[PDB]
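Encoded as structure tokens, the structure appears first; notes follow it.
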Amino acid sequence: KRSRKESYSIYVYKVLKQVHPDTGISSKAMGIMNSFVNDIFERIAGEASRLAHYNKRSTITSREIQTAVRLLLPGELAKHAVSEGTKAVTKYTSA
Amino acid sequence: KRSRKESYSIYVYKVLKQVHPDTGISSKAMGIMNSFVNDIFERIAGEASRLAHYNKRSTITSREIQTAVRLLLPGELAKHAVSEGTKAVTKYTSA
Amino acid sequence: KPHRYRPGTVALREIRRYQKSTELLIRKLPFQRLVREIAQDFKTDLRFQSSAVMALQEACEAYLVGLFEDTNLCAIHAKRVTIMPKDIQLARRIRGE
Amino acid sequence: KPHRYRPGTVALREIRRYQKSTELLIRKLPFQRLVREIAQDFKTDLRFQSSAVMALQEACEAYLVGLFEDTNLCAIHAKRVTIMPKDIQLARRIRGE
Amino acid sequence: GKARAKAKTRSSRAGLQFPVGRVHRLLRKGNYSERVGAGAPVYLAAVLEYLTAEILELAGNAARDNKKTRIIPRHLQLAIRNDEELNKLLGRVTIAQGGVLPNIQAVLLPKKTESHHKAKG
Amino acid sequence: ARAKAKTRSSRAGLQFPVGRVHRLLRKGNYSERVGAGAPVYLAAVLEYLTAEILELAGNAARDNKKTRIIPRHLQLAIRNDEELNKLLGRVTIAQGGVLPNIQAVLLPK
Amino acid sequence: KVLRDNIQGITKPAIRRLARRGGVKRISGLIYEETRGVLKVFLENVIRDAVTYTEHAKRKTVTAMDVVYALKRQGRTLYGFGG
Amino acid sequence: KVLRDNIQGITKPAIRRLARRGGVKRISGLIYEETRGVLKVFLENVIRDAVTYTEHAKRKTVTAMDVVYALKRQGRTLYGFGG
Amino acid sequence: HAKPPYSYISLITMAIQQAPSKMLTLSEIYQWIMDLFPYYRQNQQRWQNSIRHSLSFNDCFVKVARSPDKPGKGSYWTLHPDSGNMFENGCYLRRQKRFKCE
Amino acid sequence: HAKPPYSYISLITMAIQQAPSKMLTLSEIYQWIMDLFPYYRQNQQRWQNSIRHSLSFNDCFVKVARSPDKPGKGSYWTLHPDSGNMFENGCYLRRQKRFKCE
DNA sequence: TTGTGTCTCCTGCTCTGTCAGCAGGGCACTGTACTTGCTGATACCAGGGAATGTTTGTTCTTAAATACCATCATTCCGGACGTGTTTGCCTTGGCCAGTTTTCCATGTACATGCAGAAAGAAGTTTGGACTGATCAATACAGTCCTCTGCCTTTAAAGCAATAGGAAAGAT
DNA sequence: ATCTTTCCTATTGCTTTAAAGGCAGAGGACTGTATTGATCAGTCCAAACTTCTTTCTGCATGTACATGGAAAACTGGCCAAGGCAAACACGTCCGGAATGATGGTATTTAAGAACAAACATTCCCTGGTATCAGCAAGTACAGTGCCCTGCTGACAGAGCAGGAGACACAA
């Protein structure tokens, strides 16, 4: 058998429908989006790991992710992203 | 006394004595050399971890370190370092 | 007498076309041959995936486009519209390459 | 008659002097005040280690020295020996800032 | 015991579309830290979803400007480079089959001369 | 009875600490597991690079009539060597200054 | 307490010395304002990251290691203080 | 089998097109040799790392993922190839 | 071998006509085409998708679901009774005025 | 026909005055001159350039542009009001005390 | 009857009409190329069925992390004073900018030749999957010695002053 | 070309503080034994790489005409180099404190470990509409012949005032 090929195409597609129900996305565009998601994930995870190592934290909490997002994202992207993350975490905690 | 803060000063000093028994080194130069050693260690370790993740392996062996050394060091500096590492590992293998 | 565009018009039209388009500008097979020849020194009898060669061509084209943009900026800084090897050398030196 | 060096000799002498030397060129106290002025915008009552201020000064001086070297190279590219703001702008643009 | 309550995905609980569980698994397998917090995957997924939404919105706007409906790499490149913050975030990134922003320096533009006769030296 | 313990650095004939390198690698979250030869190899490479840089710095110091290495000598050694300069191209050295360099066109007639 | 206009603290002779260390022979008058602006932008960029790192540790003092991390994140690694 | 003179494969019109995409209006004759040299240096730098990655995997086929890692290792992050 | 002198439309029409139930799935259509034309053994991912495009674009082919769950995967395909004589009288390559429902 | 016993200044003045709008372009001036003087139908370039010089030189003629793009391609030319009857009553070939603005 | 003022006709400087000719600015017409519409082809986005392995739920547990309090260290602030550096002014000279001239090398157009691209096929190498196994790393316990910190010591380098030599500038 | 002036460089003494050396100790590194599952070793699929062949252009090369952009030369003026004098604000020490980073212990709550359930995510069919390729029209702008509007230096020839001849007034 051939190895399973997991990806984020379905989730990116759902987000696209949420923001633009009408427009589509090409396969190469889907791959580029997956690459972008992987790159951002790696950057944020590495930043959080470095922050924890500096603070000798054995675990990565939402605060570390917030710090990484603030450090990496420039200007308004950091603020809106932080707001969205806080809203999501609050909603998760409420249930 | 305060909490112990480890540094590579003694090792660099021994190497300096080996190459230049007569000369000395300043404290600021000592700190610069320590920072250099830490930077090289971090670079090599990160490259080895990335190689292991690409190969989907859980352990980092001397082969990964050699690959990282070849990828990082330029030109003649890389091959001499590879030879030194091979010599050291060969000596250690004999126990 | 037959029509003849003045110098500059065709160059600007080409600039507009190649900035508006996205297709590759380097021929594929000679680039593959060059890649293989360069790889021969590092190792003999290697194999290459087509996607790897495409990625190499994409990266090289992007790097050259950036270098040419920097060269054009340097040439314009010297009150000149013609890029010269000095421009490329200065751009590389400033970029640390 | 009073002795006076012609223009440029003192400039070369000063260049040699400060290329041979290593000490900081920016006055410590006003630079520290500037850093504090910039710092307070993000948070009030921020403390700062002296070593942190010295490291910031070293980084700023190194960055400015590199920028000035690139500016001088760009000025020489245009057959000029005097740096101008356009030279710094070109250097920053090519460096990617 | 207590009878297993019906399962609800953490993505559904947080309201996000991206997979919280997959992100948590990736973080744990990535050796980033000895442990991974419970809220950290949620926060990271939310931030990734927001960034994806922003980029997709800009790309769709660019496509509409081009009278197209399916996003292609050209649309992504235009959206990323036109936006200042995204361009700074992805300044050193390269996109396959991309292009460049239409830009010609004013000096290179043809010299507008009031008197315009046949070309002579 | 337990025999005389020997440092892994002594077994490999290196000065740098094999044990400290291995502990840092294990504690750095680089991978789930760490090999035995990896810290030895890394310590050997680090020792070789340190020896090369120290030798060049000592040569530069002897050129400057000094006996103790200083950041100026380190910068002189690093930037004068093409390979080390390329390795440390982006690195900035505190109190290191810059090499003496004046463009030809600026020189007087 | 509050600081108002310390950007003027970067005096013209200091800028001239910095340019001279870079091998600059002749300096235009308008360089000083542009140099001040560029330095201010660079300082703001570094200090933002430094303050962010300081905030994450819940410390109110910006330490040298914070500056080193901030510079390193921008690809401007500095030795002599990472300890 | 042995290849010797592929560097000439980078044709003058190809370099012209690459410069045109960069907005170059006028091109000097000596650019082409310098362009070929710079391209060859860049290709060697990338391919050396790619070959190192392939060898460390103990494989004899260079994969696009190796190219992506090599380019990312040099700061040239690339998308659209599974990176 | 070169391509046969028959379009995908004609091939699919013949495959449906020869079926005992006058209906086939894509797997059966591929099997029939490969068996009766050696040229289509190769380029499978291309010509199978081409047959998909033919069956899906052309309204003359209309699908039928599987009632008692059958083997399951793959709904049936049937010729539209209103198609009539389209590829008949020597027009295998091209059908003049391709069939449209709307 | 020989040269008409009239200066080009007199010809321009007459052309301007006889115009319904008291203003003419260069083309209209040429057309009027050619129509009313068969002599000027030949050697067009010489006397046309002479008229150009006279219009550009004499202050008694002042140009008026055409604002809403009109037919376009040519500005109207009008007599300066202070000129008065300068060529009237038997001095066509040579005026006396030519007009100066300042 | 003789000399001279005034009217009239010829003469001659004045002044205007005409010419040749180079510079800017602007318009209409031809020509070339870019973009769009139509048509055809196609490929990939979304509904339907089966599968598998990854996520959620539940419980235990243990240690990472938070909180509280204690401690000293190290940075902020003020005060006084030294005097080196900066600011302001003045002179003037030479470097950047403007203008002009030269000329040659890049651009543009067209003609010819040729190999890159693509279809098609064949040959072939090994990347990855699977099973057996085996061994090198991790886990845990004991112990012992290598590296860090404090205190003492001495000499390499910085500060101060003087003197020798190099080199710029000038007639 | 040789003399004056300046600066850099080097030499010698004092000191100081920065680096070398001695001693205590501790916590992390070495030794020894067992588990294991992560790695190594062997075999097969196939699929994906490499290799070879035929055609058709689209591309690259070759050639020739020529203009304007690169280069050079000269002038000047105004920008900035060079130097003097005064003021102050940077720099140094001396001390207070107060702010806060870090150490020690409790506990708590958060997440790691294990197993069952499952359903969300993946793989293989399926309809249909959005995107790529080729030919043909409209739109857009480039280039340039030609013309209008400015200016400049000089020649050719009618105007009308001045002077001379003719005629009539005055003495």
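Ligands are numbered from 1 in the order shown, chains are lettered A, B, ... in the order of the structure tokens, and residues start at 1 in each chain.
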
So that each row is one residue of chain L with an atom at most 10 Å from chain H, can you give its shortest atom pair and the distance in Å to one decimal, using only C-alpha atoms (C1' of nucleotides), rows by chain and rising number, as a tab-separated table?
residue	atom	partner	partner_atom	distance
L:49	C1'	H:61	CA	8.3
L:59	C1'	H:13	CA	9.1
L:60	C1'	H:13	CA	7.5
L:61	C1'	H:12	CA	9.7
L:69	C1'	H:26	CA	9.8

Please produce a file of those selected residues containing N, CA and C atoms (P, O5', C5', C4', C3', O3' and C1' of nucleotides), as a compact mmCIF listing (two decimals), in the first residue's frame.
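Saved file selection.txt follows:
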# COMPACT_ATOMS: atom_id res chain seq x y z
P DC L 49 10.48 10.89 -10.98
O5' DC L 49 11.98 10.89 -11.51
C5' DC L 49 13.03 10.32 -10.74
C4' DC L 49 13.90 9.44 -11.61
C3' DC L 49 14.50 10.14 -12.83
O3' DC L 49 15.87 10.42 -12.64
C1' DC L 49 13.66 7.93 -13.35
P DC L 59 8.94 31.12 -28.20
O5' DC L 59 10.53 31.24 -28.23
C5' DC L 59 11.32 30.19 -27.69
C4' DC L 59 12.64 30.05 -28.42
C3' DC L 59 13.57 31.25 -28.31
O3' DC L 59 14.50 31.06 -27.26
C1' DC L 59 13.60 30.21 -30.50
P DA L 60 15.54 32.21 -26.88
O5' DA L 60 16.78 31.94 -27.85
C5' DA L 60 17.31 30.62 -27.97
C4' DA L 60 18.40 30.58 -29.02
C3' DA L 60 19.44 31.70 -28.89
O3' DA L 60 20.77 31.17 -29.00
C1' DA L 60 18.46 31.74 -31.07
P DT L 61 22.03 32.12 -28.71
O5' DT L 61 22.59 32.46 -30.17
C5' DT L 61 23.06 31.42 -31.01
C4' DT L 61 23.10 31.85 -32.46
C3' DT L 61 24.09 32.97 -32.78
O3' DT L 61 25.17 32.48 -33.56
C1' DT L 61 21.98 33.28 -33.88
P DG L 69 18.34 58.31 -24.56
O5' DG L 69 19.19 57.40 -23.55
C5' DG L 69 19.65 56.12 -23.97
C4' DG L 69 21.14 55.96 -23.73
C3' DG L 69 21.66 56.56 -22.42
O3' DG L 69 22.58 55.67 -21.81
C1' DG L 69 22.86 57.48 -24.24

For this session: Within 10 Å of residue 40 (chain I), counting only C-alpha atoms (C1' of nucleotides), which residues show up once you throw out same-chain ones fewer than 5 positions away? Write them as an NGL selection string, please.
Result: :I and (1-4 or 30 or 33-35 or 46-48)

Would you save the residues from that selection as a PDB file, in the first residue's frame, using N, CA, C and O atoms?
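Generated output (selection-v1.pdb):
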ATOM      1  N   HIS I   1       0.566   2.257 -31.211  1.00  0.00           N
ATOM      2  CA  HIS I   1      -0.630   2.497 -32.069  1.00  0.00           C
ATOM      3  C   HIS I   1      -1.106   3.943 -31.960  1.00  0.00           C
ATOM      4  O   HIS I   1      -0.960   4.579 -30.916  1.00  0.00           O
ATOM      5  N   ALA I   2      -1.670   4.458 -33.050  1.00  0.00           N
ATOM      6  CA  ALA I   2      -2.287   5.773 -33.026  1.00  0.00           C
ATOM      7  C   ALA I   2      -3.666   5.694 -32.372  1.00  0.00           C
ATOM      8  O   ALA I   2      -4.169   4.616 -32.041  1.00  0.00           O
ATOM      9  N   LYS I   3      -4.275   6.858 -32.179  1.00  0.00           N
ATOM     10  CA  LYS I   3      -5.614   6.893 -31.613  1.00  0.00           C
ATOM     11  C   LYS I   3      -6.595   6.243 -32.590  1.00  0.00           C
ATOM     12  O   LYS I   3      -6.413   6.354 -33.809  1.00  0.00           O
ATOM     13  N   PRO I   4      -7.633   5.558 -32.109  1.00  0.00           N
ATOM     14  CA  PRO I   4      -8.594   4.973 -33.038  1.00  0.00           C
ATOM     15  C   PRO I   4      -9.339   6.055 -33.786  1.00  0.00           C
ATOM     16  O   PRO I   4      -9.360   7.227 -33.359  1.00  0.00           O
ATOM     17  N   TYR I  30     -13.939   1.578 -18.750  1.00  0.00           N
ATOM     18  CA  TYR I  30     -12.496   1.484 -18.934  1.00  0.00           C
ATOM     19  C   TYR I  30     -12.094   0.081 -19.356  1.00  0.00           C
ATOM     20  O   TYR I  30     -11.256  -0.090 -20.249  1.00  0.00           O
ATOM     21  N   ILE I  33     -13.091  -0.401 -23.031  1.00  0.00           N
ATOM     22  CA  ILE I  33     -12.267   0.388 -23.944  1.00  0.00           C
ATOM     23  C   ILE I  33     -10.875  -0.222 -24.059  1.00  0.00           C
ATOM     24  O   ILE I  33     -10.328  -0.362 -25.158  1.00  0.00           O
ATOM     25  N   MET I  34     -10.280  -0.592 -22.922  1.00  0.00           N
ATOM     26  CA  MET I  34      -8.948  -1.187 -22.943  1.00  0.00           C
ATOM     27  C   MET I  34      -8.954  -2.511 -23.695  1.00  0.00           C
ATOM     28  O   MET I  34      -8.047  -2.790 -24.488  1.00  0.00           O
ATOM     29  N   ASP I  35      -9.972  -3.343 -23.463  1.00  0.00           N
ATOM     30  CA  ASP I  35     -10.047  -4.624 -24.153  1.00  0.00           C
ATOM     31  C   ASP I  35     -10.190  -4.463 -25.658  1.00  0.00           C
ATOM     32  O   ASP I  35      -9.535  -5.193 -26.410  1.00  0.00           O
ATOM     33  N   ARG I  46      -4.829   9.821 -18.150  1.00  0.00           N
ATOM     34  CA  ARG I  46      -5.279  10.848 -19.084  1.00  0.00           C
ATOM     35  C   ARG I  46      -6.602  10.455 -19.735  1.00  0.00           C
ATOM     36  O   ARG I  46      -7.587  11.202 -19.670  1.00  0.00           O
ATOM     37  N   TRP I  47      -6.649   9.281 -20.375  1.00  0.00           N
ATOM     38  CA  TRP I  47      -7.846   8.945 -21.143  1.00  0.00           C
ATOM     39  C   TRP I  47      -9.018   8.563 -20.247  1.00  0.00           C
ATOM     40  O   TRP I  47     -10.171   8.756 -20.642  1.00  0.00           O
ATOM     41  N   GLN I  48      -8.767   8.026 -19.049  1.00  0.00           N
ATOM     42  CA  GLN I  48      -9.863   7.786 -18.119  1.00  0.00           C
ATOM     43  C   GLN I  48     -10.518   9.095 -17.698  1.00  0.00           C
ATOM     44  O   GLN I  48     -11.750   9.199 -17.657  1.00  0.00           O
TER      45      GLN I  48
END

For this session: Find the residues near residue 96 (chain K): any atom within 10 Å, counting only C-alpha atoms (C1' of nucleotides), skip ones fewer than 4 places away on the same chain, and give them as number ranges by chain.
Result: D: 79-82; L: 78-79

Limited to N, CA, C and O atoms (P, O5', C5', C4', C3', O3' and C1' of nucleotides), could you put the picked residues into a file as a CSV table (one decimal), in the first residue's frame?
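Contents of the output file result-v7.csv:
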chain,number,residue,atom,x,y,z
D,79,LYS,N,30.3,58.4,-9.5
D,79,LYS,CA,31.4,59.3,-9.7
D,79,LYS,C,31.4,60.5,-8.8
D,79,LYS,O,31.9,61.5,-9.1
D,80,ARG,N,30.9,60.3,-7.5
D,80,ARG,CA,30.8,61.3,-6.5
D,80,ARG,C,31.6,60.8,-5.3
D,80,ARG,O,31.6,59.7,-4.9
D,81,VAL,N,32.2,61.8,-4.6
D,81,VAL,CA,32.9,61.6,-3.4
D,81,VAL,C,32.2,62.1,-2.1
D,81,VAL,O,32.7,61.9,-1.0
D,82,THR,N,31.0,62.6,-2.3
D,82,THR,CA,30.2,63.2,-1.2
D,82,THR,C,28.9,62.4,-1.2
D,82,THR,O,28.2,62.3,-2.1
L,78,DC,P,25.1,80.1,-6.3
L,78,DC,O5',24.5,78.8,-5.6
L,78,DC,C5',25.0,77.5,-6.1
L,78,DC,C4',25.8,76.8,-5.0
L,78,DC,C3',25.4,77.2,-3.6
L,78,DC,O3',25.3,76.1,-2.7
L,78,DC,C1',27.7,77.3,-3.9
L,79,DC,P,23.9,75.5,-2.2
L,79,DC,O5',24.2,74.1,-1.5
L,79,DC,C5',24.8,73.1,-2.3
L,79,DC,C4',26.2,72.7,-1.7
L,79,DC,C3',26.3,72.5,-0.2
L,79,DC,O3',26.1,71.1,0.1
L,79,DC,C1',28.2,73.7,-1.1

DSSP on the backbone: which residues in region 16-78 of chain E end up as strand (DSSP E or B)? Give the answer as a PDB file with N, CA, C and O atoms, in the first residue's frame.
ATOM      1  N   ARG E  35       6.295  19.287  26.738  1.00  0.00           N
ATOM      2  CA  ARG E  35       4.849  19.201  26.874  1.00  0.00           C
ATOM      3  C   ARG E  35       4.196  20.258  25.994  1.00  0.00           C
ATOM      4  O   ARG E  35       4.824  21.247  25.605  1.00  0.00           O
ATOM      5  N   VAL E  36       2.920  20.033  25.685  1.00  0.00           N
ATOM      6  CA  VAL E  36       2.116  20.950  24.884  1.00  0.00           C
ATOM      7  C   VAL E  36       0.865  21.291  25.682  1.00  0.00           C
ATOM      8  O   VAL E  36       0.154  20.388  26.140  1.00  0.00           O
ATOM      9  N   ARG E  70     -11.234  31.329  -9.571  1.00  0.00           N
ATOM     10  CA  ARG E  70     -10.394  30.360  -8.881  1.00  0.00           C
ATOM     11  C   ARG E  70      -9.037  30.989  -8.599  1.00  0.00           C
ATOM     12  O   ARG E  70      -8.392  31.516  -9.512  1.00  0.00           O
ATOM     13  N   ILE E  71      -8.612  30.934  -7.337  1.00  0.00           N
ATOM     14  CA  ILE E  71      -7.347  31.545  -6.949  1.00  0.00           C
ATOM     15  C   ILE E  71      -6.198  30.773  -7.580  1.00  0.00           C
ATOM     16  O   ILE E  71      -6.183  29.536  -7.581  1.00  0.00           O
TER      17      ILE E  71
END

For this session: Mind checking which residues fall within 7 Å of region 54-61 of chain A, counting only C-alpha atoms (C1' of nucleotides), ignoring those fewer than 4 positions away in the same chain, and posting them as a PyMOL selection string?
Result: (chain A and resi 48+50+65) or (chain E and resi 33-37+39-40) or (chain G and resi 57)

May I have the selected residues written with N, CA and C atoms, as a PDB file, in the first residue's frame?
ATOM      1  N   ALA A  48       8.055  29.809  19.918  1.00  0.00           N
ATOM      2  CA  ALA A  48       7.552  29.413  21.229  1.00  0.00           C
ATOM      3  C   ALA A  48       8.549  28.520  21.954  1.00  0.00           C
ATOM      4  N   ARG A  50      11.828  28.482  21.582  1.00  0.00           N
ATOM      5  CA  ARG A  50      12.936  29.319  22.030  1.00  0.00           C
ATOM      6  C   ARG A  50      12.541  30.141  23.249  1.00  0.00           C
ATOM      7  N   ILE A  65       2.323  31.107  22.537  1.00  0.00           N
ATOM      8  CA  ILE A  65       1.850  31.294  21.168  1.00  0.00           C
ATOM      9  C   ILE A  65       1.537  32.764  20.920  1.00  0.00           C
TER      10      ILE A  65
ATOM     11  N   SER E  33       8.722  21.168  22.547  1.00  0.00           N
ATOM     12  CA  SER E  33       8.809  21.247  23.998  1.00  0.00           C
ATOM     13  C   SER E  33       8.475  19.880  24.573  1.00  0.00           C
ATOM     14  N   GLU E  34       8.864  19.680  25.833  1.00  0.00           N
ATOM     15  CA  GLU E  34       8.570  18.418  26.501  1.00  0.00           C
ATOM     16  C   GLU E  34       7.071  18.207  26.659  1.00  0.00           C
ATOM     17  N   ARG E  35       6.295  19.287  26.738  1.00  0.00           N
ATOM     18  CA  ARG E  35       4.849  19.201  26.874  1.00  0.00           C
ATOM     19  C   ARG E  35       4.196  20.258  25.994  1.00  0.00           C
ATOM     20  N   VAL E  36       2.920  20.033  25.685  1.00  0.00           N
ATOM     21  CA  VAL E  36       2.116  20.950  24.884  1.00  0.00           C
ATOM     22  C   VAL E  36       0.865  21.291  25.682  1.00  0.00           C
ATOM     23  N   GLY E  37       0.596  22.584  25.841  1.00  0.00           N
ATOM     24  CA  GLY E  37      -0.594  23.003  26.562  1.00  0.00           C
ATOM     25  C   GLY E  37      -1.855  22.664  25.789  1.00  0.00           C
ATOM     26  N   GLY E  39      -4.579  24.793  25.556  1.00  0.00           N
ATOM     27  CA  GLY E  39      -5.020  25.974  24.834  1.00  0.00           C
ATOM     28  C   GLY E  39      -4.080  26.410  23.731  1.00  0.00           C
ATOM     29  N   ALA E  40      -2.827  25.960  23.772  1.00  0.00           N
ATOM     30  CA  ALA E  40      -1.866  26.357  22.745  1.00  0.00           C
ATOM     31  C   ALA E  40      -2.272  25.890  21.354  1.00  0.00           C
TER      32      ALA E  40
ATOM     33  N   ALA G  57       8.541  37.254  29.745  1.00  0.00           N
ATOM     34  CA  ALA G  57       9.102  36.748  30.992  1.00  0.00           C
ATOM     35  C   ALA G  57       8.474  37.380  32.228  1.00  0.00           C
TER      36      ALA G  57
END

For this session: Check chain H with DSSP on the backbone and list each residue it calls helix (DSSP H, G or I), as a PyMOL selection string.
Result: chain H and resi 7-9+12-21+31-56+64-73

Exercise. When the cut-off is 9 Å and we count only C-alpha atoms (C1' of nucleotides), which residues of chain K are near chain H, given as a PyMOL selection string?
Worked result: chain K and resi 105-107+126-127

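Considering the residues H:54, H:19, H:40, H:1 and counting only C-alpha atoms, residue 69 (chain H) has its shortest atom-to-atom contact with H:54.
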
For this session: Please provide the set of residues having any atom within 12 Å of residue 38 (chain A), restricted to only C-alpha atoms (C1' of nucleotides), with same-chain residues fewer than 5 positions apart removed, written as a PyMOL selection string.
Result: (chain A and resi 7-9+31-33+43-45) or (chain E and resi 23+26-27+44-45+48+52) or (chain H and resi 77-80+82-83)

Same residues, N, CA and C atoms, output as a JSON list (two decimals), in the first residue's frame:
[["chain", "number", "residue", "atom", "x", "y", "z"],
["A", 7, "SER", "N", -3.13, 16.49, 4.68],
["A", 7, "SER", "CA", -2.94, 17.89, 4.34],
["A", 7, "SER", "C", -4.06, 18.75, 4.91],
["A", 8, "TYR", "N", -3.97, 20.06, 4.70],
["A", 8, "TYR", "CA", -4.95, 21.01, 5.21],
["A", 8, "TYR", "C", -5.86, 21.57, 4.12],
["A", 9, "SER", "N", -5.98, 20.88, 2.99],
["A", 9, "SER", "CA", -6.73, 21.42, 1.86],
["A", 9, "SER", "C", -8.19, 21.65, 2.22],
["A", 31, "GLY", "N", -1.79, 23.83, -2.79],
["A", 31, "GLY", "CA", -0.48, 23.42, -2.33],
["A", 31, "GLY", "C", 0.32, 24.58, -1.77],
["A", 32, "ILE", "N", 0.25, 25.74, -2.42],
["A", 32, "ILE", "CA", 0.96, 26.91, -1.93],
["A", 32, "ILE", "C", 0.41, 27.33, -0.57],
["A", 33, "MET", "N", -0.92, 27.26, -0.41],
["A", 33, "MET", "CA", -1.52, 27.59, 0.88],
["A", 33, "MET", "C", -1.06, 26.61, 1.96],
["A", 43, "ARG", "N", 7.48, 28.42, 12.07],
["A", 43, "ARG", "CA", 8.03, 29.64, 12.65],
["A", 43, "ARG", "C", 7.48, 29.87, 14.05],
["A", 44, "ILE", "N", 6.16, 29.78, 14.20],
["A", 44, "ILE", "CA", 5.54, 30.05, 15.50],
["A", 44, "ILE", "C", 5.98, 29.02, 16.52],
["A", 45, "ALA", "N", 6.03, 27.74, 16.12],
["A", 45, "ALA", "CA", 6.43, 26.69, 17.05],
["A", 45, "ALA", "C", 7.88, 26.87, 17.49],
["E", 23, "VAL", "N", -3.15, 19.79, 15.00],
["E", 23, "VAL", "CA", -2.15, 20.77, 15.42],
["E", 23, "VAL", "C", -1.47, 20.30, 16.70],
["E", 26, "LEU", "N", 0.92, 17.51, 15.86],
["E", 26, "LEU", "CA", 2.12, 18.03, 15.20],
["E", 26, "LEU", "C", 3.05, 18.69, 16.20],
["E", 27, "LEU", "N", 2.49, 19.47, 17.13],
["E", 27, "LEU", "CA", 3.31, 20.11, 18.15],
["E", 27, "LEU", "C", 4.00, 19.07, 19.03],
["E", 44, "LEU", "N", -3.05, 28.54, 18.31],
["E", 44, "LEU", "CA", -2.30, 28.46, 17.07],
["E", 44, "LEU", "C", -3.23, 28.22, 15.88],
["E", 45, "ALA", "N", -4.22, 27.34, 16.05],
["E", 45, "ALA", "CA", -5.17, 27.09, 14.99],
["E", 45, "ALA", "C", -5.98, 28.33, 14.67],
["E", 48, "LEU", "N", -3.73, 30.72, 12.71],
["E", 48, "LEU", "CA", -3.55, 30.22, 11.35],
["E", 48, "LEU", "C", -4.81, 30.44, 10.52],
["E", 52, "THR", "N", -5.01, 32.72, 7.16],
["E", 52, "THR", "CA", -5.53, 32.13, 5.94],
["E", 52, "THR", "C", -6.71, 32.92, 5.41],
["H", 77, "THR", "N", 13.21, 30.72, 0.94],
["H", 77, "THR", "CA", 12.04, 29.87, 1.16],
["H", 77, "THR", "C", 11.16, 29.86, -0.09],
["H", 78, "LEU", "N", 10.78, 28.66, -0.52],
["H", 78, "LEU", "CA", 9.97, 28.47, -1.72],
["H", 78, "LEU", "C", 8.72, 27.66, -1.38],
["H", 79, "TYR", "N", 7.60, 28.04, -1.98],
["H", 79, "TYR", "CA", 6.33, 27.33, -1.84],
["H", 79, "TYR", "C", 5.95, 26.66, -3.16],
["H", 80, "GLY", "N", 4.85, 25.92, -3.12],
["H", 80, "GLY", "CA", 4.34, 25.25, -4.30],
["H", 80, "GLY", "C", 5.01, 23.95, -4.65],
["H", 82, "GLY", "N", 5.45, 21.35, -1.98],
["H", 82, "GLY", "CA", 5.28, 20.49, -0.82],
["H", 82, "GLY", "C", 6.09, 20.89, 0.39],
["H", 83, "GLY", "N", 6.76, 22.04, 0.36],
["H", 83, "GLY", "CA", 7.56, 22.48, 1.49],
["H", 83, "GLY", "C", 6.73, 22.69, 2.74]]
